[PDB]
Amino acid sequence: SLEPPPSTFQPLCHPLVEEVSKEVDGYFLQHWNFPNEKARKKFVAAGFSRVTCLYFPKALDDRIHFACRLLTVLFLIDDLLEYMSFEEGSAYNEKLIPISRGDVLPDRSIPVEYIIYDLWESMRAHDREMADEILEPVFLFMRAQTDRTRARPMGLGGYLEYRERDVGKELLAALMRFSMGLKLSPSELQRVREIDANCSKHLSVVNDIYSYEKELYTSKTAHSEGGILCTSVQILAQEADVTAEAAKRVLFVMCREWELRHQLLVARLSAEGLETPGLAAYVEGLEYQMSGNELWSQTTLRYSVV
């Protein structure tokens, strides 16, 4: 009942996905405290490093693991917060922020704390400038996750606006630039803000589409606010008074419109003499994120489960 409408975007996968997914995953299964075997198995099932390689297929060969580690740990935390109140979730996230900047050593007895620490240390050690560029976008993401807006009345327009942060658009962009060693100037970024905003809705909604059942479930099982159902699928379903599945099919078509928009905005940037080689590398990178994201969402067992 969810045949993806046609797209001109073809995703790519990083050639070293096999290797990277091996180390990363082993690492977490080794240091991350698992509730039980049933959890560590589902962990391996989600395929977090394959998402990373799907998202950043053109990443440099020695930087793709950094990306798989950060997204993995963020996913792991992402779920943890669902059983917490906005207040608890916020405190959990806030203690990790100083640790991410490396201003507070981690309680080595708490995996989430030293994992976060080592990871960011590893990245700064590899490339400080770019590493540091990911810090505030990650912090932006983290604070959106438990933001009070999560409960206030919100239509499609306002939701897409809040989702940009909660989906971590900026974090992914900076992660992509870091991983590809793609440096852009403070004026090259400004030139692509419409492109980034457009891409953020696409990532967000495609994810909302496939993660709806999972969220509907934790909605009825997790914490009252932590697992609050906040998604475009529910919003559009209610606004149009159709089923969630109908909403998915309409939202999917809308995503294609954002894809067209992406192509149009890029041609625009290219039309006016503004498309620099770095930007070309970037905008094409965003496309990979949108297609990679969709492909993973269509397959991962993280979205096909109880």
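The first residue of the sequence shown is number 1, and the count goes up from there.
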Checklist entry - Any chance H223 is unbuilt in a third or more of the other entries we compared? => result yes
Checklist outcome for this item: The stretch carrying the higher mean Cα B factor in the deposited entry, 244-252 or 29-37, is 29-37
Checklist entry - If you average the CA temperature factors over each stretch, which comes out higher, 227-235 or 119-127? => result 119-127
Item to check | Maximum C-alpha temperature factor, selected from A174, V206, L160, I110 | outcome: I110
Item to check | Out of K169, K214, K183, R143, highest CA B-factor residue | outcome: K183
Next on the checklist: Among the modelled residues of this chain, does the Cα B factor of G278 put it in the lowest, middle or highest third?
Outcome noted: highest
Item to check | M290 CA temperature factor, ranked by third within the chain | outcome: lowest
Next on the checklist: Taking only the Cα B-factors deposited for this chain, tell me whether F139 sits in the lowest, middle or highest third.
Outcome noted: lowest
Checklist entry - Split the chain's modelled residues into thirds by Cα B-factor; is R165 in the lowest, middle or highest one? => result middle
Checklist entry - With respect to C-alpha B-factor, does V17 fall in the lowest, middle or highest third of the chain as deposited? => result middle
